[PDB]
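Okay, so here's just one chain, in C-alpha cells, the form deposited in one PDB entry.
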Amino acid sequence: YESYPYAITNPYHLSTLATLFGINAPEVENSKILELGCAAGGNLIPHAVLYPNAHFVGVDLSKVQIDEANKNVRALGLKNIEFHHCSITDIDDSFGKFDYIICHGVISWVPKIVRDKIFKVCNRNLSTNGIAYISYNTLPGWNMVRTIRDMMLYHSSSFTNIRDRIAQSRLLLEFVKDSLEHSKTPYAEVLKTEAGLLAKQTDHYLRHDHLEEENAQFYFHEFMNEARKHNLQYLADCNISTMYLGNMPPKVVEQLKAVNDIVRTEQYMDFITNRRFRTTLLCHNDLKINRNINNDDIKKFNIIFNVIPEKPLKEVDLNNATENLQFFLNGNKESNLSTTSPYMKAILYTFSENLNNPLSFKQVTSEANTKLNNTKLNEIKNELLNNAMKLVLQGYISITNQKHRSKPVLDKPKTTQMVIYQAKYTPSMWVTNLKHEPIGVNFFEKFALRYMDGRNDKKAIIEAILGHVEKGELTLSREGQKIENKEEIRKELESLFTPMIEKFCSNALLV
C-alpha cells in the first residue's frame, strides 16, 4: 500500500513511442489522462503538478486509498486532478473521451467481466488519436511464478494467523534456497533466483490472500484477440528493446520479416524468450501506423543517453584515434561501449554532462562540435545518424518528446514541488523526479530536499540540516555508525554535500 510512480507509464513516453510509429498523439501539456486502478495516485499526482493545464481522473475500488490520494491532492492544492471511488464497470460514455488511458497491473488480476469492461473503456472513452496502456503477465514466463505461488500455499496451509502465514512463506523460500545450494541442474538456477527475488519482496504479495488470487494468465495473442474484439490494434510495447529482432540469425529474421502479422511474430518471440510480462500500447483500429523506421527519424525526437566516461574529459585528447575509450551505461561494472573514433567520443562526452536531460539533435551535434574546434560537424552528424536509431531499438538510447531543460543553478539549489512535498511531508524513502521515476534517498538527502528551494544556499542548507541532527531524527552512518558531536558533523557534511548535489543535478531532481 505504497504508491510508486512507473516511468514507463508517463504519457510523454506514449506520445513518443506513438510519434515514432507515425501517430500524432494529443499534446500532453493540455490533455485528458485516465488511470484505471490508481490509488494512492503516486502514478498520477506528479503529473498534475508538472502539467497544470491538463485534466487528470483516477478510478479505484479501495476507498482506503482513494481517500489518501485526495489527502495528498488537498495538501498540494491542485485543481486539475480528481479521484473517484467506484469500479471500472461504472464508467459509461459520460466520463468523456481521454487522450491517454493508463491501466497498470490490473487486467490480469480481475474477473472476466472487469476485463471486458477495461477493453471497452479503451475504445468508448479513448480519443480519435489517443493511446491506451495495459500491463499484464504472460505465459510461459509466468509458469515459474505461478509454481512458486502454489508451493507457498501448499506449505502455508499448515498455519492460520495472518501474522503466522507470512513469515512462514518467507521461511519456505529460505528452505528452498538451502535445499538447492549444491545443484548443477539448469532448473534449480531459475528456481533459486526466482525465490531470491520473491524472498526480497515485502509482505504485500506474500500475504496468503494475494497468493489465492487467480491470474488471467494470458498468451499475447489471446490478449490481442480480446483487443480486436473491441476494435483496438497493437501499437508497440513500452520497452522497445523487447520488440528487437536480430540479435537473431538472419534466415530467421528474414522468415519473421516475411510474415506480415506483428502479433504472431511477438508471440513466437514470447515462446522462445519465455516472456513473463508485457506493457502494451493500444490505439484505435482506424489509424495507419508506419513500421518502416530509418536512421533519419532520430531527428524528430530528443535524446537521452546516460553514459559515465571512464576518464575525465580534460584528461584525454579526442583526436587520438589509437586510444580506445570506454563509457559505462548508467553505472557500472561491465555494461559498456568502447569507441576509438573522435566524433563518437565527442558525442558521448556531450551525453555524459547532459545526464537525464533531453537533448535535441542540433544540441548534441553542435555541443559535440565545439569539443572538436567547430570543424567536424558533418562527421559528427554522420555518426549520430548512423548509429543512433540502431541504438534506440536496442534500448541503450532513450528518445522523448519532452523538451530540453535549462541547466539548473547550483548556487542555491532548487528542486521541484513534488519532491519538496515528498521530502517534508511523507514517510517514504524515495522521491519522484521530473522523468517520473522513483529514486532512492537515505534520510540525509531527504532532509536536504526539505530545505532545497531557490532561497537557502550551501551554508544555510547545511546549518538547517545540522539543526535536524541535534534533535535527530538524524544519524551519521559512514563506516562509521558513530558521530562525534562536532568532528563528525559540519566536517562530514561538507564532504557528502558536493557529490549529492551532483546526484541531484544528474537525476533530474533540480529544475
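Only the largest set of C-alpha atoms that superpose within 1.5 Å between the two forms is called the rigid core. The first residue of the shown sequence is 1; numbering continues from there.
When 323 to 331 is weighed against 93 to 101, 323 to 331 comes out higher, by mean CA B-factor as recorded in the entry.
Between 293 to 301 and 192 to 200, it is 192 to 200 that carries the larger average Cα temperature factor according to the deposited entry. Listed residues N260, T365, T147, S135 were ranked by CA B-factor as deposited; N260 comes out on top. By the numbers in the PDB entry, the CA B factor is greatest at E181 among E181, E266, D237, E214. When all modelled residues of the chain are sorted by CA temperature factor, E35 is found within the lowest third. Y421: CA B factor lies in the middle third for its chain, per the PDB record. In the deposited entry, the Cα temperature factor of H47 sits in the bottom third of values across the chain's modelled residues.
In the deposited entry, the Cα temperature factor of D164 sits in the top third of values across the chain's modelled residues. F223: CA B factor in the lowest third of modelled residues in this chain (values from the PDB entry).
Although not depicted, the form deposited in another entry is the subject of the following passage.
Core-based superposition between the shown form and the other one leaves all of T185, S158, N260, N247 but one with CA shifts under 2 Å; the exception is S158.
Relative to the superposed rigid core, the position of the CA of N30 differs between the shown form and the other one by less than 2 Å.
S62: CA moves less than 2 Å between the shown form and the other one after rigid-core fitting. Remark: with the core as the superposition reference, the CA shift of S477 between the shown form and the other one reaches 2 Å or more.
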